[PDB]
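One chain follows as structure tokens, the form deposited in one PDB entry.
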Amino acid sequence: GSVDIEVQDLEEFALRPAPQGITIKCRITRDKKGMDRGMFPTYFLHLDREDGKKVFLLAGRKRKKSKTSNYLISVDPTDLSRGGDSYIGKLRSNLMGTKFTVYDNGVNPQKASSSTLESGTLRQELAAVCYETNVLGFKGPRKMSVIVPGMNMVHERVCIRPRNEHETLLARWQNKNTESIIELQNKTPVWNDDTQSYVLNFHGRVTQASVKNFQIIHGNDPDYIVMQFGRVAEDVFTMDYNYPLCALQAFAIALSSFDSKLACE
């Protein structure tokens, strides 16, 4: 079929998990300024219609709130283009650029009033990414972990609103709490003797693996590609995602790769 993905309300679309059986194909474009006189670059996510037309979905840009520089993800390009701190998603990274968490626009647990703290309105964690650190002797492709909220019987996300440090996605992951989360990982690339490099297979095309070219899958079924991200030009990348991911999660995961410890060349 074709399935002309229905995009009406951008906030709703951004949070909508991709229907099983339908792949949502997008493209991420890097700003209009970029490496200049400071200012961080702005990334744009557009739906790539199979008719040749594009549809703006989200925009992301790094910002320096107080000390750390998180990415604000908004469905309002204009606002973000300036001091517009309006957002639907926020990407937070550790100092090393090895751990990332994506939140919605709810209230931070650590600053919540007693009235809010009753549970509700509290910030949700939509995804977390960990770029595995080198051990010392282990030989092989680096590991990328992606943690997302579990899905319920109706195939909808089971809202994760951490009330404390032990309820975050990264904590549930490290503690093995697999009840309300889904642990995903990058698909292991395979050494190709002709290219003399580790490769991945994007729709039949040999693709050199890197932080700029990867696929996310569930460890139990390597054939089902949850997310496929690849560089097609200097500042242009293709991004396709499938259930259980929504655009905000996929986009955030992609933004993390730009801000990761890796990505240096």
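For every residue, the number given is its place in the sequence shown, counted from 1.
For the pair 115-123 and 179-187, the record assigns the higher mean C-alpha temperature factor to 115-123.
Stretches 32-40 and 211-219 differ in mean C-alpha B factor, with the higher average recorded for 32-40. Comparing C-alpha B-factors across 168, 133, 108, 174 in the deposited entry, the largest value falls on 133.
Comparing the C-alpha B-factors of 150, 89, 83, 97 in the entry, the top value falls on 83. Residue-level temperature factors show residue 228 in the lowest third of its chain, judged at the C-alpha atom. For residue 201, the recorded CA temperature factor ranks within the middle third of the chain's modelled residues. Ranked by Cα temperature factor within the chain, residue 154 sits in the highest third according to the deposited record. Sorting the modelled residues of the chain by their CA temperature factor places residue 78 in the highest third.
One more form of this protein should be noted, the form solved in complex with a small molecule, which is absent from this view; the next part is about it.
Partner contacts here mean any heavy atom within 4.5 Å of the small molecule in the deposited complex, and among 161-169, 180-188, 141-149, 67-75 they occur only in 67-75. The shortest heavy atom separation between residue 108 and the small molecule in the deposited complex is within 4.5 Å. Although the partner is absent from this view, residue 87 contacts the small molecule in the deposited complex, with a non-hydrogen atom inside 4.5 angstroms. At a distance threshold of 4.5 angstroms between non-hydrogen atoms, residue 103 is in contact with the small molecule in the deposited complex. In the deposited complex, residue 123 approaches the small molecule with a heavy atom inside 4.5 Å.
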